[PDB]
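This document opens with one chain alone, in structure tokens, the form deposited in one PDB entry.
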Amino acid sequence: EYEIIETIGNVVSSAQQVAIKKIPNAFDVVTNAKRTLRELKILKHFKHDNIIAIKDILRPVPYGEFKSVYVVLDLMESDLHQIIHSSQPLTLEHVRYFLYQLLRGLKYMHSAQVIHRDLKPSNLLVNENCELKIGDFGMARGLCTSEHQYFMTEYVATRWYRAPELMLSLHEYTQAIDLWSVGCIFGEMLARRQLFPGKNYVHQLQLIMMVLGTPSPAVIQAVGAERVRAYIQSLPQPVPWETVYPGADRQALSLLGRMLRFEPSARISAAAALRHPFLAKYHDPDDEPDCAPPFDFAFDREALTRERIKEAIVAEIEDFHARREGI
């Protein structure tokens, strides 16, 4: 059926060209197997041009020897990290178009009660024809949660893009998490360099404070871990986005400012971001769908043995083929 050529990320390999992902020893570790089942069900639930899609899943040898899962996707030229940090063009109009598509993908995603929680340029794929697709859904969760990650929210996802609520454990974990990350991504496109490149937990809070200023007392009281509160209080106003990005566009910084706020409830939504004057060029409500029905994460909260999860994953592969080949 397919012929491999070269390995890309590490396992994904190039191979009509396609990308093929090996998930080796998929059923050997509970965490890895649970993540594979979550990704399967999320990607099958979504049908949207700005969200990665599975083209094919290679079938099962006898069942007991079924160890690895191969997943076929359409090959994407690059990702937004490789584009941002290179000699490629990235004018304001590039920034405007890439931001639109991310936000278009998020409106759909957020309407199904799914929070990505791991948006960074490297997870935003871009093909030869400039379609941007959100990938890598292993960190995604709903509004309700059961996991070590219930506590320890400061270890959720990637440090340079992590929202203050996770860092500080503010007990208000919503789709607003992704809009922080978008803010960082947006800022990073405008300057071609990371906005908040923290070295460790403490330096990451510094660098956010050096732009956003001191957080409010009501935010500080909602920090549960007392040791972090003491550090914040030991330090002696916001820096205007104009002086952070000197040559930048006016409409862009307005929108950026509505994303990078300490308080989750103060952040603009994906839907409302798409109504901002900066994205008027591309904004069409009739072409920017919601996702119905919503995604249920109940299956993830179940404490399953590796073998039950294996059975679950194999049923999602069977159902994938039945919905197209059979029916």
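Counting begins at 1, following the sequence as shown. For clarity, a rigid core is taken as the largest C-alpha set superposing within 1.5 Å between two forms.
Here the subject shifts to the form deposited in another entry, a form of this protein not shown in this document.
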property: Moved residue between this form and the one not shown - picked from 153, 101, 175, 123, where its Cα shifts 2 angstroms or more relative to the rigid core; result: 153
property: Rigid-core frame, C-alpha of residue 281, shift of 2 angstroms or more between this form and the one not shown; result: no
property: Residue shift check between this form and the one not shown, rigid core fit, residue 47 Cα at least 2 Å; result: no
property: Sense of the change in Cα distance from residue 154 to residue 196 in that other deposited form - at least 3 Å versus the shown form; result: farther
property: Pair residue 186/residue 153, Cα separation in that other deposited form versus the displayed form, closer or farther by 3 angstroms or more; result: farther
